[PDB]
Amino acid sequence: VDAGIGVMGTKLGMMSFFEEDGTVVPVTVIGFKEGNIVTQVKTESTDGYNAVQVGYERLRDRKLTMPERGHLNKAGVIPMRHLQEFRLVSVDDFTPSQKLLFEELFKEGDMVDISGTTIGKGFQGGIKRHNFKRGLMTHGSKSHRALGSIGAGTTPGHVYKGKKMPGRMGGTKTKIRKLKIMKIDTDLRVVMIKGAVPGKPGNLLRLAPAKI
Amino acid sequence: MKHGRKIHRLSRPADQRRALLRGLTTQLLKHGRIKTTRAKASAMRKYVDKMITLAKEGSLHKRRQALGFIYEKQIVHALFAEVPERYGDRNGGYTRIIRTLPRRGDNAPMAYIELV
Amino acid sequence: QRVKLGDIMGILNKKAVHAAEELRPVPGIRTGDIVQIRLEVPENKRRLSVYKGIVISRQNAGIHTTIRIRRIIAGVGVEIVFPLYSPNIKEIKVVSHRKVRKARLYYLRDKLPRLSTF
Amino acid sequence: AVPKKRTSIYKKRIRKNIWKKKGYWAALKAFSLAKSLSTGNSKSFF
Amino acid sequence: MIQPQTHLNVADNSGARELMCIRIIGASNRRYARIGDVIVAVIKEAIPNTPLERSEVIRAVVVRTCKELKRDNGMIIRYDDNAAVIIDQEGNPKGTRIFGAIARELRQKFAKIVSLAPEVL
RNA sequence: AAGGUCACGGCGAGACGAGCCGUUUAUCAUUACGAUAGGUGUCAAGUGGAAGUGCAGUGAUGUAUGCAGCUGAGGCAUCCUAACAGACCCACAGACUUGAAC
RNA sequence: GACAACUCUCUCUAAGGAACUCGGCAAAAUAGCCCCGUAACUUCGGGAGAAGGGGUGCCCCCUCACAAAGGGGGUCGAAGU
RNA sequence: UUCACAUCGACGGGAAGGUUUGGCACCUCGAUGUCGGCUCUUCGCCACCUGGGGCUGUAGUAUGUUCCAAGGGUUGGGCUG
RNA sequence: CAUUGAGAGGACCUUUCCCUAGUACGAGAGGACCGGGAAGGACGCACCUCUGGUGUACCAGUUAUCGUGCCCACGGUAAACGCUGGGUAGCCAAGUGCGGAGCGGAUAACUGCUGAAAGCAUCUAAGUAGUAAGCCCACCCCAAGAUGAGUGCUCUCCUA
């Protein structure tokens, strides 16, 4: 349950905003490829919960299959790629018919949370996944960087599940929390936000207000 | 991880890879059409586009860098007398990567380089 | 009247440098110059701090086009970084020029300090 | 490292048939390439 | 970055020359001592006309460092040596004349070091 | 059939499978989509003054051309090259039984 | 082909410098020729290349045992066995 | 200072645990590789700290002892294998 | 495609300094509980805007030598850079941001409120209140192979 509808935007590099007091803050720059049109609302009557379903990245019709574009043309909106809802408490007033919601709702709310696919690092070891220590690099040692002991002795007879092994590190989404908003641009369709979003410039990014 | 490392390294070390690039683009400029593997094909594509457009502006500095890159002496001087008369107005894209059957003994994906 | 692409690094950075140039003019600091920095720090009431020194590098990334500066204070070896587009500076003055054959004077840190006193 | 016992006919016919089914998957690709190698304007196979 | 086996020069005329600093107080990191962190120094060598001899545990203040110093104004200050001031726990040192320049953020906790300093940058 | 898979051009994804983004009269015009990768043209950016010539010097070398010359893993533009040619899987109201109204 | 973990053979590493460790193990550092200078001790043979410090590339000139070599000067590089 | 039970508690008594040294020799010697260190767990509470409380010979700070509570933490070093 | 979430993981940690206030208390000396703020430490999730390490894409200086006929200028080699000087994009931290919230639920120890079995009493036998870093929920992610296999929207089943 979220405390309100959010938007989604793409990361476009990082820079530094110079505050007129004299400080230098590192900000991430957020663009918006297409407006976050509310496509499908799911209320308490026809569904077990209440959520507002928006989308993103208007595309060519060849890029989008028949169930997708049939679902989007059921709402009478543009064919678009990305599609996510926000679960919201039952006080909502949202029509699914082409609500091109403008981005003014976050500037006075100087706290926002963001979610995104972090950059994947592939099958990485235990020295960087779970912040282990390496063995002795010298003094006749042989267990350089290795995983060390894995379990206890005879009495378990196995290893505990969830034990810290090497595996695929990045690729899942994360949410970093309470990130204070900064100078929006009402003509450059760009929002400064002081922090570090998950991922390189180009990826999708959930931008939804806080849950404290 | 290889995020954004756009060098195309082969199954050979660095200086041997440089010699493979120079020799195979040299004999590519000698015969025109050539049989490579596909990694060697794209690795020829970047450098031989650099060597067609290098002696496109036939000065002395371009001719000396171009003679420094290519092995054979008499093929650089057969190049700038040929590339403005042929590959003017093309503005990039000097090759073609026509693929063929894999190689007997390796199942190596084998390609074939033109000049067009 | 044109909509803009995903090339917003250059136009946010370009209009940021153009706004900071509209506020105060700045002549360019090449590597090897001997310059002055006049800094605004509150509550000191002198409002013009003295920073003489030799620019070592210029790590120019748009709005962080910066100065690696060096002056031997009477103890030893002070190496200060300056953002040229910050509102905390007041003016720059290119006093001299060493005419050095290098873009990065990181050798000059640990040399003999008679060749580093501004 | 040294195997404690041996495998059955069961598990071995499973693993060998996964190996040969992995050989099955790389010939409908060869049927597609052999079918595109036939009469048609394709910019490959000089 | 001041490890617990570093040599710091003296920034005053208290009576020492350098010191092996031992195991910082305050910030419990103790493998990264930035500015303003007091250190439990021991005297490696000293001036032999002063009641500060060899092998004497004392408390001092890191006032210069080769590691950088991130400021909010955009500047980054760094020195070429490491320096400490032989300090007492009630503020002021027992050496008056401070050698070398210091920064100005440590004025908010150590004002006597700034007031006795030749340059405050 | 809808939708996938192979192939194809790759990736900020990745041991292999995966995943993701393309797969072309690859806009036309009044204002967000139909540039995937390489090349090319420019712009950030790195090293930092290239060759050749002239001048000064007995010569090492310095100087003008000339923030020039190379690099261009990054941004934008450009269809010049390769995205051609295909192939294959999945089809044909979704068993049997009760209740409701039509 | 690809450019995962991890082993091995190498290169570099901000700040510190043995805090690691059974133990400076291993790596890093010194390194060639000339000049200055060199202690405790001793079987007076040595230690000793003790330690420690300076020059070193390339172009000029002259002194020239008229082959090695010397001094003075300039020239570049961050760095000259 | 009075005062067995704020706190220790002599002379004695009753238990729990299986973490020391022991007793037996019950599995294992056609092989269950001891002590310390590195790496990496996880668990117990007989609680060192953190959270709540009682009593205090607790004026306050700091305590002494004790109840609930094992979520989390429990340093860097000189000596020695 | 879009999610609910049964179940499971991670995170729920901790210290000084300041106001209250040199106030209660104490002859003085000393010096609060409670409620806020600020700076840290470890841990974790990210990122490369700054500062760097590396960066065998790179460019620059130079030694020995072999080629390019020769001077210039280049190329090869001195392992898997000849040795150095810097560096874009990646990766990383020492760097940069963020997190650890809850007059939410029930409790353990305890303090209670009425209050009887013994017309006195007693936290309890009926009912009930404050309250723990502990339990659960909320917090971030995976998640219907949850065979109990969910829910919602949309596309397609044609010819003989």
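What counts and how
Residues numbered from 1 in each chain as written, not as in the entry; some residues may be left out. Chains lettered and ligands numbered in written order. Part of a larger assembly, values for the part shown. Heavy atoms only, no water. Helix = DSSP H or I, 4+ residues; strand = E, 2+ residues; numbered from the N terminus. Rg over C-alpha atoms; globule rule 2.2 N^0.38 Å. Buried < 20%, exposed > 50% of the residue type's maximum accessible area, 1.4 Å probe, protein only. Contact = heavy atoms within 4.5 Å. Areas by Shrake-Rupley, 256 points an atom, 1.4 Å probe, with all protein chains shown as cover. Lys, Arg positive; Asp, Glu negative; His and termini not counted. Charge placed at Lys NZ, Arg CZ, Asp CG, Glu CD. Near = heavy atom within 4 Å. Polar contact = N/O pair within 3.5 Å; in protein donor to acceptor, adjacent residues only side chain to side chain.

In terms of regular secondary structure, chain E is built from one helix and six strands. Going from the N terminus to the C terminus, chain E shows its helices and strands as β-β-β-β-β-β-α. Here the C-alpha atoms of chain E give a radius of gyration of 13 Å, agreeing with the 14 Å that 2.2 N^0.38 yields for 121 residues. Buried positions account for 51% of the 121 residues belonging to chain E. Considering only residue pairs separated by 6 or more positions, chain E has 45% of its internal contacts joining residues 24 or more positions apart. For chain E, the exposed surface amounts to about 6100 Å²; the carbon and sulfur share of it is 49%. Across chain E, the mean location of the 19 positive side-chain charges is 4 Å away from that of the 14 negative side-chain charges.

Outside of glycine, negative phi angles account for most residues, and trans bonds account for most peptide bonds. Residue and element names in this part refer to chain B. Even without being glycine, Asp89 reaches a positive phi, approximately 70 degrees. Here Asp89 shows up in the loop between helix 5 (83-86) and strand 2 (97-99). In this structure, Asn107 is a non-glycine residue whose phi angle is positive, near 50 degrees. Within the fold, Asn107 resides in the loop between strand 2 and strand 3 (110-113).

Around RNA strand G sit 29 residues in total, of which A:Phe123, B:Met1, B:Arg9, B:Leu10 and B:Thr37 are the nearest. At 2.6 Å, a backbone N or O of B:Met1 approaches a phosphate oxygen of RNA strand G. Between RNA strand G and the protein, one listed contact pairs a phosphate oxygen with a backbone N or O atom of B:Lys2 at 3.3 Å.

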